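Structure at a glance
Chain by chain, the residues:
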Amino acid sequence: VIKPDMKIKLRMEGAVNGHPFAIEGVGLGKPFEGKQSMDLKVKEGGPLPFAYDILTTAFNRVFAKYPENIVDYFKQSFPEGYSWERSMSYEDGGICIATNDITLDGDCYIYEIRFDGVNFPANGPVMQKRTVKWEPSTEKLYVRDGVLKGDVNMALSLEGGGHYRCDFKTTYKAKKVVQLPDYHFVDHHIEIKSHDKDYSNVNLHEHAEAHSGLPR
Amino acid sequence: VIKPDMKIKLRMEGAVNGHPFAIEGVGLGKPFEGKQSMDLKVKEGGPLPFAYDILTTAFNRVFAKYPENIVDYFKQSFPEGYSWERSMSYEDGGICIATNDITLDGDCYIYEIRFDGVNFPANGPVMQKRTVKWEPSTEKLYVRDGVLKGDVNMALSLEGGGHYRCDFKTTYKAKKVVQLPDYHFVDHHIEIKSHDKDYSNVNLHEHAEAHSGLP
Amino acid sequence: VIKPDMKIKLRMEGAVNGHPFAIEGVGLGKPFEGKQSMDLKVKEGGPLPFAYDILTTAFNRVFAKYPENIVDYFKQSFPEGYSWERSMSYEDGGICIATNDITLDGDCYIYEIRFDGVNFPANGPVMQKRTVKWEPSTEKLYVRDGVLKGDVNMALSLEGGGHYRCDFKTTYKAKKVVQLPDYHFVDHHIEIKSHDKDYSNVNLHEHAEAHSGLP
Amino acid sequence: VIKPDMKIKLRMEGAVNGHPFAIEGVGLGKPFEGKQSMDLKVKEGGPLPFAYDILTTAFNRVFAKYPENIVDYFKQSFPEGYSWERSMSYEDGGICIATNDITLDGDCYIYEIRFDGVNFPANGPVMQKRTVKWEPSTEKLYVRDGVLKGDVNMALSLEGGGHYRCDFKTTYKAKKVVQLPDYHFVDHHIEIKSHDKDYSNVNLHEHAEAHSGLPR
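Rules behind the numbers
- Residues numbered from 1 in each chain as written, not as in the entry; some residues may be left out.
- Chains lettered and ligands numbered in written order.
- Heavy atoms only, no water.
- Residues with missing side-chain atoms left out of burial classes, pairs and counts.
- Helix = DSSP H or I, 4+ residues; strand = E, 2+ residues; numbered from the N terminus.
- Rg over C-alpha atoms; globule rule 2.2 N^0.38 Å.
- Contact = heavy atoms within 4.5 Å.
- Nonpolar A, V, L, I, M, F, W, Y, C, P; charged D, E, K, R; others polar.
- UniProt positions renumbered as here; feature names shortened; annotations may be inferred.
- Buried < 20%, exposed > 50% of the residue type's maximum accessible area, 1.4 Å probe, protein only.
- Salt bridge = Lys/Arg side-chain N within 4 Å of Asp/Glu carboxyl O.
- Buried area = accessible area lost by both parts, 1.4 Å probe.
- Polar contact = N/O pair within 3.5 Å; in protein donor to acceptor, adjacent residues only side chain to side chain.
- Least-squares fit on C-alpha atoms.
- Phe/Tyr/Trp six-rings, centres within 6.5 Å; stacked < 30°, edge-to-face > 60°.
- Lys NZ or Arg CZ within 6 Å of the ring centre and 35° of its normal.

Regarding how it was determined, this PDB entry cites X-ray crystallography in its header, along with a resolution of 2.070 Å.

This is the structure we're talking about:
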């Protein structure tokens, strides 16, 4: 049920600082190559009055290249699928939380995403749209209470230099019993490859690969 | 346009650990006495698989008794009203965030509430429904960036003793220009007065009073 | 063995952002009235390159007025005494941690204090010495694992208005078995009454009172 | 002033939950190989009533292998040296903070370390000594206010499975003006290679290598 080429359809509904928005996307990815791409359109709440970048990691670790020697929690979970829950705590007190319920219909993954954020300062980099991109990162994954956790300290690069930090904590929950992996890592890189002026239209790419870190 | 007795209608839509739910409420309160009560009904997602208590502070500081010597940000904001944004960070890593948009229709406040929480551990007191009540508390309120902030370290009492801590951070935003207050406090006390077995029906009370502290 | 008037001697050794310092103090207080004062002198590391205010809460809850209806963990612990451990997490990522070991010699409490802080930004209000005073506050106290916990969200007022928040988490540990109290509060107010230009010499006051909250 | 083989002498003084201790160490490392090792002896406060593992990352990024294409803040800082300040926030509310002032005398680095920790629960993995080792990790490094920051979400493996998380935030401060690097990573792995029963004697090794993460 996992093919080398898969399709993606998503809808995100959410709010930031109380202002509602919705986004839909269609994309495709290569589960065994750890690559995916997507075209996204703002359907409600546009033009978004906050940095689009805070949304992009919400738009599926199935699309991570896993080696033979590491248990792949995500690929095992299908056809039933899995869901995730995530908090994103920014250094200036802004906080977002999101969830994705991921199902499979034929060769198309369907994401139902909810995203909510609060307490972003009016003069902060998020509401003033001064973010440039996410730096690449390494997520740490480990088992807790029979489910899988993923943590990572991320950073947005800012216009005119400097970085803006965010601590991500994710819980991933398979919809059926699956084999549990040992502690491992997923390196990833997410990139807006193109966008129009107010980000109503966005082409988004991600590359991700699991590994076991420095040996000995 | 603020009367001694006012009505309340609310809808909350939300999710905890990805589990969607919705609650409706009707109540009434006394803005100048700092009291309010309401009846709440789970309309979707019932029976709620998490402690009801995490929701109750989301179910309006206009219902706080303010003395003459303290600027009342909330009462000033009407008829236009105000909105709030809040994060609630629990000591075991559970996080909720909520927003309320509050408007006025005649004598009736209307709340549009959104509530979301994630990362509550399966074995923790929230998902295990081991909470008893919120202890009384005191919110600290202060101005930042031309809007009003409210912070408080809250605690839930737990079944079989002990407490479970949660740090609240709220931003309040008037829909019009109002006078901004100096640093002050709001003491409050929130109580579920009655409920049925699975909390499908709940009668909720709050009492709150602003003050300027210890000399 | 607790008298209406008691003396205090302390030494604090510490470091902020890796910069070592040391302070000595002599003072006196009134355990049953919940008042205390003291004179403090920087002995090493002067002139301190950070806001003095971050240190003052480290410079003893025995000097809190407890009513009859609340168990007094602190007064019970003497003559053996008690110790405390505390973290202070500021909103800009600055972190301090402190410990005090408190003993009794005749009529004189002796404090051995250690204080350390890191990650205060160069441009932040602590390293820029832009703090004015701590606002009055209310500590929440409650039992966990047979010892007493104290939590409070504190705020420093800043020069030119605005506030700077800090979350306090303390653990208090009696040196002997004592009666454990129920959930309660300690209101307190701490003030630098006088100081010289670079805070080499400081006269510090505190007033504190326990209570059970809002009904 | 940077040699392929360098010596290390350190003293750490500190307290955990108010109980004071002191440790001294002698070791050596290979700055260009990103390898170092050390023998440590508890001089005061033994036998330590808490997990030794909380101390080990306090016992110098000079010993990280840096590629040509990444600015090496640490090697540049010598002979004058640099200092660091660090907070370590554990998921059960335990908190440690430490500082190291690092100087150079001939071919020997001298570390003066202070370490303080509080609010470790009596029944937690630290006071009950149920930690096994630190998992390998990837530190994220970036410039802020003209100094270098390093953040990483770390994890201790626990006896009988499971992990215990800790968020590290470090500030590194060169003692002279040096070139500032772009955002980068340092993968590392720290290991107690041998110890006696109560950890009075410990042989500690670390391997570390800088890189720039996933490309494109």
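That covers the picture; the talk isn't over yet.
Observations concerning the overall build of chain B
The secondary structure content of chain B amounts to two helices and 12 strands. In chain B, the order of α-helices and β-strands from amino to carboxyl end is β-β-β-α-α-β-β-β-β-β-β-β-β-β. In terms of overall dimensions, chain B is globule-like: its C-alpha atoms have a radius of gyration of 17 Å, near the 17 Å expected for 215 residues. Principal-axis analysis of the C-alpha atoms gives chain B an extent of 45 × 40 × 30 Å.

Some remarks on the interface of chain C and chain D
Contact with chain C, which involves 19 residues of that partner, is made by 20 residues of chain D. Every element with two or more residues in the side of chain C that touches chain D is listed here: β4 (82-90), β5 (95-105), β6 (108-118) and β10 (163-174) of chain C. For the side of chain C that touches chain D, the residue count by class is four nonpolar, nine polar and six charged.

Quick word on unusual backbone geometry
Looking along the chain, the bond that leaves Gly46(A) and enters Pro47(A) is cis, with omega of -5°. Looking at the secondary structure, you find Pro47(A) in the loop between β3 (35-44) and α1 (73-76). Each neighbour pair has its own omega, and for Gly46(B) with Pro47(B) the value is -5°, a cis peptide bond. Locating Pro47(B) in the fold gives a position in the loop between β3 (35-44) and α1 (53-56). The residue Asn17(A) is not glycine, and still its phi comes out positive at about 50°. One non-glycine residue, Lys129(B), lies in the positive phi region at around 50°. Mapped onto the fold, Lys129(B) is located in the loop between β6 (108-118) and β7 (131-134).

Comments concerning the UniProt feature "binding site: Cu(2+) 1" (unreviewed entry) in chain A
All names here are of chain A. When the UniProt feature table is mapped onto this chain numbering, "binding site: Cu(2+) 1" (unreviewed entry) sits at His 195. In this structure, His 195 sits in strand β11 (residues 184-195). With relative accessibility at 41%, the residue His 195 sits in the partly exposed group.

Observations concerning the pattern of salt bridges
According to the stated counting rule, one finds 64 salt bridges over all chains in the structure shown. Residue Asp167(B) pairs with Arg165(B) through a salt bridge whose shortest N-O separation is 2.8 Å. Through salt bridges with shared partners, a single ionic network connects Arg11(A), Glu13(A), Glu24(A) and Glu44(A).

What about the UniProt feature "binding site: Cu(2+) 2" (unreviewed entry) in chain A?
Residue and element names in this part refer to chain A. UniProt records the feature "binding site: Cu(2+) 2" (unreviewed entry) for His 205 and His 207 in the present numbering. Inspection of the secondary structure puts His 205 in strand β12 (residues 201-211). Not counting residues within four places of it along the chain, the set of residues in contact with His 205 comprises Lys 35, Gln 36, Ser 37, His 189, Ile 190, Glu 191 and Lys 193. If you trace the backbone, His 207 turns up in strand β12.

A short note on the environment of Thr103(D)
Secondary-structure assignment places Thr103(D) in strand β5 (residues 95-105). Once residues lying within four places of it in the same chain are set aside, the contact partners of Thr103(D) are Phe78(D), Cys108(D), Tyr109(D), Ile110(D) and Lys175(D).

A closer look at the interface of chain D and chain A
With 33 residues of chain D at the interface, the matching set in chain A holds 33 residues. For the pair chain D and chain A, the summed buried area comes to about 2600 Å², and 50% of that belongs to carbon and sulfur atoms. The tally of links from chain D across to chain A stands at six salt bridges. Here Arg144(A) ties to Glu91(D) by a salt bridge, and the two come within 2.7 Å at their closest N and O atoms. The tally of links from chain D across to chain A stands at 15 residue pairs in polar contact. Elements supplying a minimum of two residues to the side of chain D that touches chain A: β8 (137-144), β9 (147-158), β10 (163-174), β11 (184-195) and β12 (201-211) of chain D. For the side of chain D that touches chain A, a count of residues per class yields 11 nonpolar, nine polar and 13 charged.

Focus: the relation of the copies chain D and chain A
When chain D is brought onto chain A, the operation consists of a screw motion whose angular component is 180° and whose axial shift is 0.0 Å, with 0.0 Å RMSD remaining. Look at the turn and shift together and you get a two-fold axis relating the two. Of the residues that chain D buries at the interface, 100% are likewise interface residues in chain A, meaning the two copies contact each other through the same surface.

Some thoughts on the environment of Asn69(A)
Residue and element names in this part refer to chain A. With respect to the helices, strands and loops of the structure, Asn 69 is situated in the loop between β3 and α1. Of the residues examined, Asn 69 reaches a relative accessible area of 65% and is grouped as exposed. Each C-alpha atom, one on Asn 69 and one on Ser 212, is 9.1 Å from the other, the two residues being 143 residues apart in sequence.

Focus: the environment of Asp92(B)
Residue and element names in this part refer to chain B. Within the element layout of this structure, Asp 92 appears in the loop between β4 (82-90) and β5 (95-105). Its relative accessible area of 27% is what places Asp 92 among the partly exposed residues. Sequence separation between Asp 92 and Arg 165 is 73 residues, and the spatial gap between their C-alpha atoms is 8.6 Å. Discounting residues that sit within four places of it in the chain, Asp 92 has contacts with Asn 119, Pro 121, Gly 124, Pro 125 and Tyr 164. Engagement of the side chain of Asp 92 in a polar contact is seen with the side chain of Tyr 164, the distance being 2.6 Å.

A word on the UniProt feature "binding site: Cu(2+) 2" (unreviewed entry) in chain B
As annotated by UniProt and renumbered to match this structure, "binding site: Cu(2+) 2" (unreviewed entry) occupies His205(B) and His207(B). Contacts of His205(B), omitting those with residues within four sequence positions, involve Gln36(B), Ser37(B), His189(B), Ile190(B), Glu191(B) and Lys193(B). Here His207(B) is in contact with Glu33(B), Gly34(B), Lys35(B), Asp187(B), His188(B), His189(B), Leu214(C) and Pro215(C), once residues within four sequence places are set aside.

Let's talk about the packing of aromatic side chains
Note on aromatic pairs: each is described by the distance of the centres and the angle between the planes. On inspection of all chains with the given rule, the structure shows 68 aromatic pairs over all chains. Both rings, one in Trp134(D) and one in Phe168(D), keep their centres 5.5 Å apart while their planes meet at 90°; by these two values the pair is edge-to-face. Placement of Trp134(D) in strand β7 (residues 131-134) and of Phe168(D) in strand β10 is noted, with a sequence separation of 34 residues between them. Residue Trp134(D) is classed as buried on the basis of its relative accessible area of 2%. In textbook terms, an aromatic cluster arises when at least three aromatic residues are bridged by ring pairs, as seen for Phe63(A), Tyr66(A), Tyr73(A), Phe74(A), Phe78(A), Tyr82(A), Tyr109(A) and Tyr172(A). Sitting over the face of the ring of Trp84(D), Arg86(D) holds its NZ or CZ atom 4.0 Å from the ring centroid.

Quick look at the UniProt feature "binding site: Cu(2+) 1" (unreviewed entry) in chain B
Residues and elements named next belong to chain B. The UniProt feature table records "binding site: Cu(2+) 1" (unreviewed entry) at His 195. Checked against the element boundaries, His 195 lands in strand β11 (residues 184-195). In terms of polar contacts, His 195 uses its side chain to reach the side chain of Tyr 199, at 3.4 Å.

So, the side chain of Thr56(C)
Residues and elements named next belong to chain C. If you trace the backbone, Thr 56 turns up in helix α1 (residues 53-56). A polar contact of 3.2 Å, which involves the side chain of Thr 56, links it to the backbone oxygen of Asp 53. If sequence neighbours within four positions are ignored, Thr 56 has contacts with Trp 134, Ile 190, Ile 192 and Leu 204.

A short note on the side chain of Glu139(D)
All names here are of chain D. As for its position among the elements, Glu 139 is in strand β8. The buried category is assigned to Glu 139, whose relative accessible area is 3%. For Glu 139, the side chain forms a polar contact with the side chain of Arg 61, separated by 2.7 Å. Among residues more than four places away in sequence, those in contact with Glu 139 are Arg 61, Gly 150, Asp 151, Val 152, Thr 170, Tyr 172, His 184, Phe 185, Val 186 and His 188.

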